[PDB]
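Peer 1: what's the 3D shape of this:
(8 chains, ligands or ions: 5)
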Amino acid sequence: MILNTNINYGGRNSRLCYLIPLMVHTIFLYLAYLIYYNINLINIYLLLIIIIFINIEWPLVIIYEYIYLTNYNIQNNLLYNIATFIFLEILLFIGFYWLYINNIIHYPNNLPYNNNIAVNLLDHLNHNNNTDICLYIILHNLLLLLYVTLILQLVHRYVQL
Amino acid sequence: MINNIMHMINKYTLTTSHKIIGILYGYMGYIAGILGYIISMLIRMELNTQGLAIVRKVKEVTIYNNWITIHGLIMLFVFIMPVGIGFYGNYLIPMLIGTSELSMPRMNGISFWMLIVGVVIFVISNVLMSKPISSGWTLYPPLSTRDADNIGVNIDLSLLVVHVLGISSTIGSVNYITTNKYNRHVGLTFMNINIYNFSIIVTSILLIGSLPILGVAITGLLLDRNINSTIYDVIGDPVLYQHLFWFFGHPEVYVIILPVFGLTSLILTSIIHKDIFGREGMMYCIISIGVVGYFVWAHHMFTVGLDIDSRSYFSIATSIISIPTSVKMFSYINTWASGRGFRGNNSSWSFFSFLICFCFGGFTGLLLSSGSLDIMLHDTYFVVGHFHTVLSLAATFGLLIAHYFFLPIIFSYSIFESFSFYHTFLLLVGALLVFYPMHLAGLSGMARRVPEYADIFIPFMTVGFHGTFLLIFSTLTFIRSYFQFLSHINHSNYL
Amino acid sequence: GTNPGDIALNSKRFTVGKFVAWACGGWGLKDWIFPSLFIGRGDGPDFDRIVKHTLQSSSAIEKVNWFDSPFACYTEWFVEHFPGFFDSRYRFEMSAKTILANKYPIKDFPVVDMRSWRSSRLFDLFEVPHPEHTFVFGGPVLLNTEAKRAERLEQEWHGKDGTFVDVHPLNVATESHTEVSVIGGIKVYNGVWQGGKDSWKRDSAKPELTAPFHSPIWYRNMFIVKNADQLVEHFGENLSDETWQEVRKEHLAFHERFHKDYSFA
Amino acid sequence: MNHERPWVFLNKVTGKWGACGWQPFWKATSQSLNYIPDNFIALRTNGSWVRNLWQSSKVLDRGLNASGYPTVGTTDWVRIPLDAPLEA
Amino acid sequence: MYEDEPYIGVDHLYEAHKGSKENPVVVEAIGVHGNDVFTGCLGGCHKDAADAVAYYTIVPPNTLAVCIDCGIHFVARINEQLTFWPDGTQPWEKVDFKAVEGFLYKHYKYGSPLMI
Amino acid sequence: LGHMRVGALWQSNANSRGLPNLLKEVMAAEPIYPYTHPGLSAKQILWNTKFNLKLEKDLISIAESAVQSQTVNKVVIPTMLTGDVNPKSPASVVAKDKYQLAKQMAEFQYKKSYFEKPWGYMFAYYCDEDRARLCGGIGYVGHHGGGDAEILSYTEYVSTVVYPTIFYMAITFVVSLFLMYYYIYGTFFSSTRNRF
Amino acid sequence: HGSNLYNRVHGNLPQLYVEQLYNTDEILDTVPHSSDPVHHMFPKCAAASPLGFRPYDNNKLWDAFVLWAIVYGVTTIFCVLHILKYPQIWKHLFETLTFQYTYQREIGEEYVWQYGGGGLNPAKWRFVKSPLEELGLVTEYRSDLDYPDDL
Amino acid sequence: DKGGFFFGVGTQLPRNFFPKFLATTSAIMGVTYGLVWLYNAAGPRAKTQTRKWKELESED
Ligand code: HEA
Ligand code: HEA
Ligand SMILES: CCCCCCCCCCCCCCCCCC(=O)OC[C@H](COP(=O)([O-])OCC[N+](C)(C)C)OC(=O)CCCCCCCCCCCCCCCCC
Ligand SMILES: [Cu+2]
Ligand SMILES: [Zn+2]
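Peer 2: Numbers count the residues shown, from 1 in each chain, chains lettered A, B, ... in the order given. Ligands and ions are numbered 1, 2, ... in the order given. For reference, the structure is listed below:
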């Protein structure tokens, strides 16, 4: 016999409360040292090994908490947090696109070359054409990612049914 | 004993309890506030005296610039958000909705220790390393990136500090939203939650939307410094940097202020023995201020060369955001009437000062909203007067209301009312003597971020000198009062 | 209040504590040179006031069982800080005794303590400092969950008919009752055993074992909860409003000689 | 802390009485919420001395022969303890 | 729309309301035996009582309490959520009082862990 | 390990403080039987208890034998609405004729003398005692309230305090507008003076 | 607070406390029990307030040091590090606050003085002489201190 | 009536607290004003702030 508490996940103490901050601190000081002396204080592979090892704690605790501490309230909390994280990633991409397109939407630009018409056969498409951007391979990669999206959606629905 | 020492360290380092994390946030916030106050006293002593009395060189004014920048950053990011949001947000939010802990308990500890690593990097970079960053809290390029006095790794470490502070705030915001949405006891609808909870929710929504843009801007600065790109150099757009930064910037100030409104409303309900007048109106005004704040960011950029139609639009939007704040002020004034607020309470008198100073600061900032009139008031001491009579005379007094209210509840000892009265009255008078003159100094034409001024501006700085002495007295009284709070009697005899 | 602890070691002119307070906060030369202004009367029991409040009392001081109660250790605090303490306490005890000497079988006694105060904010109902873990076993339960829901509005929100919300089929069956009795050759079906909410009456009172069966005596402690921000009390069946107003007038009239010689400045 | 329980001074020549005792004091600061001050005038007692003084007032004021109680110094004052009610 | 709905019949003029000294409002919480119960109103059970926000209450369990704001008698009480250790050994068919008797005796005498 | 507690019996802690026993608090070191059993000594009380206990046993046995061995002549099944757990109580608590009114008036007079005034005085003492507990610098007693407070209803307050205040505010608004415009420009409708 | 191991082991599911034999902290790393004592936020205050005492007594050196470290420790550490890193700044501050550094002051001159009223208005200002030199406390001004030339 | 002349006990103010408070705060403000005047009359200055310079500059 056990005494049943509220549905809320009470919570456990964990080392992840300081390990992740220490990981961030390590990464940033590693960058600072690489900037100052142009050399690595610790091998990059060793650093990535430490980073990976620190973060293996999440799947273990996840497994053992799903086995024991889970219900629909907890699941809803987790799914809403997942949604907010996806939103944050979308905003990050929006910010970087803002960074990219700032100087491209503003059409006028001071260029080292000529882009007026009737002076050469190709000048009139100098500013409006970056003809090296690997378009064919980009389309191939697009096809690959469409494959992944469609297959994953199909399988997800299939198992859900 | 090793076991006892390890138990204490683990108690304060492995914790995922909202109360413990709240008190940790409060302690760190107060310490950061005191450090910023010390730096501000150094700034004021530099201003109060003629002939570069402290730096003694024109080549060494970079020390003064470091002072202003670190003062701004410390006081904004490390003092008022850890106290306003981190301290009472973690301590109270689960208690008011009748739950045990916030959702994602581990992310709370992660957030606090991210704040701590940020503070550590910042202090070590700006104290133990030579020639720190000297570009104001708005790290405008190319001063931040292409400048002789900004070449060391201290600048890069400061930028990474900004990154970690942003990460911590985002984690806290997500946690608050999730906990308030799903963990309410049965029978409590979403809009019937305590008003402080709603203000925390809207603040969290503000932080989530804007911080990634600041992250992008700061990464742009880092890349300009290190990868030697031209994002913001002569072939770049420093105006682009400003747009990104200020798209983050104004939501930040509304994030700072809204939780103070929530706390003030809660404490008023507690100490006047009457409910808020127009609770629904106050909540809707809070959310309206939160949403409108995302469309006004460029009112900080009326002189960089915006389009004239954009200037008109941004002045219009600033007026729109002015409206709901007026609604809230009227609601407070009518709430206090017909109440039974305690007549000898530091909380009551701090609320009075908060209300008056916030109305004054709001009016001064509404003058700045007009684009045309901002031609004469940009980068003068009028702007400093504005955002100091708001931040340092309204937000601070809201936190003083919370301090003088919640201490008897967190520690279980009453408050020395006369001592606290000395502290609060001298803080009010001393601040009003420092900041108020700035307004009339801004109109006369004095520029900000300068250590040496023309002879025409003597009277303003003499009044500022008077105010600085009063402020020193007041803050010493405050710290001594708190030390006396936790100390037993020191004299006792027989009568 | 405050417990001075050891008076002896704090009376000395020069002390480690006084010097530490001077360095860090709470003491200074202003106390060494001008004690009459910054120490002055100090904080402690007022013997003269205790004597005055004692000698102003009536013979109630003799007839009160206060000095044998567990709260007898607070006699000086309440004699000093509660003018007319003994007469009010005597009225309180005589009220309890007259409730005890009633003719009713159940003697209800009102209980008021620190928990008798309601609040709109949950953190005000805990003892300070707050426990480490709060609301472990869920949050509050609202009494309103035991009231009939707004059926009409509930049907209307869903776009249901709700025409016959007040017209229900009658039910007369033996299968719907679990509590059966035989009363003079009549088999009466009435009620269903619900559980813990059917035994509220017995679990709330304690019997007097010596009282006979034909003259039972039960003791019940009725808790009282109030807002303290209302200014008007509604006791229900326990005390009528007119009686309460009468008691207010009489209480304010009697407890006036204890209050008239002081100013609130 | 431990001092004498409250007593009654009585002046034999003028027959003039009055209660007295040691009342400690200390520098005033913040109080404590979870503490009701105990009996600091008559330590370790249920505070019956108020009742004893109330009962003894009639006897003392009427007039009492104070030859059976110790004197105070070399003056005309005597100490009457309040550990028990006074009846004479 | 609710304040102008009609009463159903004239019973309310004769019967004893819900919340009388003889027909109290009994409510049930979960917790530990003897722990004070958290209960509350949504406000305005009376014309003179506040209704802006919910008002909470801390009350001893299994005792008759009276709210003298509204005048309502209530019986907040606790039922402990004692349940079988959920590790897959729970019983699949009707169980009797013997094993339960042992577990309950141990819980009353010493107590049992919390599902946290 | 220190002093581990033995067993799990009730202890008064932060989460639970128990149900006070006011009777023992009040009747401390004083007997209760002189009030519940006036005029009887301990031996008489015990003898009476024994006699009544045996009598009650006999009556209970008779009643159980009767109810358990009686033939059923009628079956009474009350009417209730479907989905309703229990039937509505057929007892009304309101007097209907004048004789019931007189009966309830006599009961009310007795209850007032013997059950209501005691409650009133106990509650008044409780309020004063709470004041005393919070007095002395511990809490905020005397900072507001008192018996001299002027309590007004919603209608009275809005009619006699709110509207006049807003009226004065409006008049101040207009007067200040005109005076400030004159002060700055030196005219009332012509902008700056000696300029246009 | 004392441990609850007796009740835990004799309780209802003893198998959950077998880990207590291993390296474990009972308050932090053990399953809570229905009979466990209530843990308060600040145990020092929680235990001192009901007795009437404040948590820290200034007479005890350990208490005085602990409270000082809580209230003043970090600020003093920051100030000490700043003084060590920037010793000239505090030297200049000390010189100015003690009337040792006068930028371009001269003996017997009168200097403008005006409290408020906006910018320097010749209809509000006064001129003041140095009381230190009027009282004979100062007769010369130092010239070997640091001087902001090229200002 | 307990406590000192300038301080009370806990959450109680001393008798006539507010007049005393105003008087003491006025005294503190006066002392601080004196300190400001002293630091301006004896602290650093510039050759351009002298009476001769300022009066010759004001005229035109
Ligand atoms: C929340 C933010 C905050 C706070 C609290 C303050 C507080 C103060 N600030 Fe400043 N300040 C800024 C934000 C803040 N400031 C920003 C963003 C800038 C711009 C930087 C830039 O220009 O680049 C700035 C710039 C700035 C300047 C610029 C000078 C120059 O540009 O020419 C000056 C000088 O007068 C100044 C003075 C002060 C003073 C005298 C105080 C205080 O001394 C007055 C009030 C004092 C208080 C007492 C508050 C301290 C509180 C503690 C004691 C902690 C205890 C906790 C609580 C009381 C709850 N500040
Ligand atoms: C928490 C801090 C805080 C708050 C609440 C605000 C609130 C406002 N702020 Fe400001 N602000 C800052 C912090 C804050 N600000 C900081 C730190 C800076 C400097 C950044 C930097 O440059 O370094 C800054 C800079 C800043 C500028 C830059 C000027 C310049 O840089 O050129 C401007 C101008 O548009 C501005 C406007 C406003 C407005 C219009 C409000 C409004 O919210 C105020 C509205 C309030 C009211 C209007 C009061 C209610 C009025 C009534 C009671 C009714 C009256 C109504 C009518 C007459 C219609 N702020
Ligand atoms: C120099 C003027 C005051 C400057 C301070 C103004 C405060 C600014 C707001 C921010 C507060 C910051 C901290 C404040 C610290 C303490 C401030 C302070 O001095 O407060 C106390 C001051 C002065 O209080 P006081 O002097 O009236 O106190 C005397 C009152 N009794 C009887 C209790 C001793 O506060 C106020 O007066 C504000 C409320 C005004 C209401 C006036 C009622 C008069 C009192 C009753 C007398 C009898 C009837 C007279 C008829 C009425 C006609 C006038
Ligand atoms: Cu803004
Ligand atoms: Zn109610």
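
Peer 1: could you point out which element follows the helix or strand that residue B:66 is a member of?
Peer 2: Assigned by DSSP states H and E, residue B:66 falls within helix B:61-73. With elements assigned by DSSP H and E, the helix or strand that comes after helix B:61-73 is helix B:81.

Peer 1: next, see if the helix or strand following that next one gets close to ligand 1.
Peer 2: Tracing the chain past helix B:81, the next element assigned as helix or strand by DSSP H and E is helix B:88-96. No - residues of helix B:88-96 contacting ligand 1 under C-beta under 6 Å from any ligand atom: none, with a closest distance of 11.4 Å. For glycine as for every other residue, the C-beta is placed from the backbone atoms N, C-alpha and C.

Peer 1: now helix B:88-96, how far from the chain's geometric center?
Peer 2: 20 Å (C-alpha atoms, centre = their mean, to the nearest Å).

Peer 1: check which helices and strands it is in contact with.
Peer 2: In terms of contacts (3 or more C-beta pairs under 8 Å, 6 or more residues apart in numbering or on different chains; DSSP states H and E), helix B:88-96 is packed against helix B:18-48, helix B:153-182, helix B:195-226, helix B:238-272, helix B:396-410.

Peer 1: how far off centre is the one helix or strand residue A:62 maps to?
Peer 2: For residue A:62, the element it lies in under DSSP H and E is helix A:57-68. Its chain's C-alpha centre and that of helix A:57-68 lie 23 Å apart, by C-alpha atoms, centre = their mean.

Peer 1: tell me the helix or strand right after it.
Peer 2: helix A:72-105.

Peer 1: what angle separates that next one from helix B:153-182?
Peer 2: Angle, helix A:72-105 to helix B:153-182, by axes from the mean of the first three to the mean of the last three C-alpha atoms, to 10 degrees: 130 degrees.

Peer 1: next helix or strand past helix A:72-105?
Peer 2: Counting by DSSP H and E, what follows helix A:72-105 is helix A:135-160.

Peer 1: and that following helix, what does it pack onto?
Peer 2: Looks like helix A:135-160 contacts no helix or strand (3+ C-beta pairs under 8 Å, 6+ apart).

Peer 1: report the backbone C-alpha coordinates of the helix holding residue B:66 in PDB.
Peer 2: Output of helix B:61-73 as PDB, limited to C-alpha atoms (Å, rounded to 0.1, in the frame of the first residue of the first chain):
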ATOM      1  CA  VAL B  61      37.700  58.400 -20.000                       C
ATOM      2  CA  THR B  62      37.300  54.800 -21.100                       C
ATOM      3  CA  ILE B  63      37.100  54.000 -17.400                       C
ATOM      4  CA  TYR B  64      34.100  56.200 -17.200                       C
ATOM      5  CA  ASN B  65      32.600  54.600 -20.200                       C
ATOM      6  CA  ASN B  66      33.100  51.200 -18.700                       C
ATOM      7  CA  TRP B  67      31.400  52.400 -15.600                       C
ATOM      8  CA  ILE B  68      28.300  53.600 -17.400                       C
ATOM      9  CA  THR B  69      28.000  50.500 -19.600                       C
ATOM     10  CA  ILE B  70      28.400  48.000 -16.700                       C
ATOM     11  CA  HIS B  71      26.100  50.100 -14.500                       C
ATOM     12  CA  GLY B  72      23.400  49.900 -17.100                       C
ATOM     13  CA  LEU B  73      23.800  46.200 -17.800                       C
END
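
Peer 1: is any residue of that helix near ligand 1?
Peer 2: Yes - counting by C-beta under 6 Å from any ligand atom, ligand 1 is contacted by helix B:61-73 at B:68, B:69, B:71, B:72.

Peer 1: what helix or strand does the residue positioned nearest the centre of chain F sit in?
Peer 2: Centroid-nearest residue in chain F: residue F:123, 9.4 Å away (criterion: C-alpha atoms, centre = their mean). Following DSSP H and E, one finds residue F:123 within helix F:117-134.

Peer 1: which residues of chain E lie near ligand 5?
Peer 2: Residues of chain E lying close to ligand 5 by C-beta under 5 Å from the ion are E:41, E:45, E:70.

Peer 1: now rank those residues by neighbours and give me the top one.
Peer 2: residue E:41 (25 neighbours; other C-beta atoms under 10 Å in any protein chain shown).

Peer 1: for that one, phi and psi?
Peer 2: phi -100, psi 160 (degrees, to the nearest 10).

Peer 1: my guess is it contacts residue E:67. True?
Peer 2: Yes - the pair residue E:41 / residue E:67 is scored as a contact, 7.1 Å apart, by C-beta atoms under 8 Å.

Peer 1: the strand or helix carrying residue B:467 near chain F at all?
Peer 2: Following DSSP H and E, one finds residue B:467 within helix B:458-485. No - under the criterion of C-beta under 8 Å from any C-beta of the partner chain, chain F is not reached by helix B:458-485; the shortest gap measures 14.4 Å.

Peer 1: re the thing from before, turn the helices and strands packed on helix B:88-96 into a markdown table, columns for distance to residue F:195 and mean neighbour count.
Peer 2: Below are the helices and strands packed on helix B:88-96 laid out as a markdown table (distance: least, C-beta to C-beta, whole Å; neighbours: other C-beta atoms under 10 Å in any protein chain shown):
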| stretch | distance to residue F:195 | mean neighbour count |
| --- | --- | --- |
| helix B:18-48 | 38 | 21 |
| helix B:153-182 | 52 | 23 |
| helix B:195-226 | 47 | 23 |
| helix B:238-272 | 39 | 22 |
| helix B:396-410 | 43 | 22 |
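
Peer 1: quick one: closest of these to residue C:63.
Peer 2: helix B:396-410 (38.5 Å; C-beta to C-beta).

Peer 1: what's in contact with that closest one?
Peer 2: Applying C-beta atoms under 8 Å, 6 or more residues apart in numbering or on different chains, the contact partners of helix B:396-410 are B:23, B:80, B:83-84, B:88, B:91, B:260-261, B:263-264, B:267, B:270-271, B:345-347, B:350-351, B:353-354, B:357, B:413-415, B:420, B:424, B:427-428, B:485, C:123-124, C:128-130, D:33, G:41-42.
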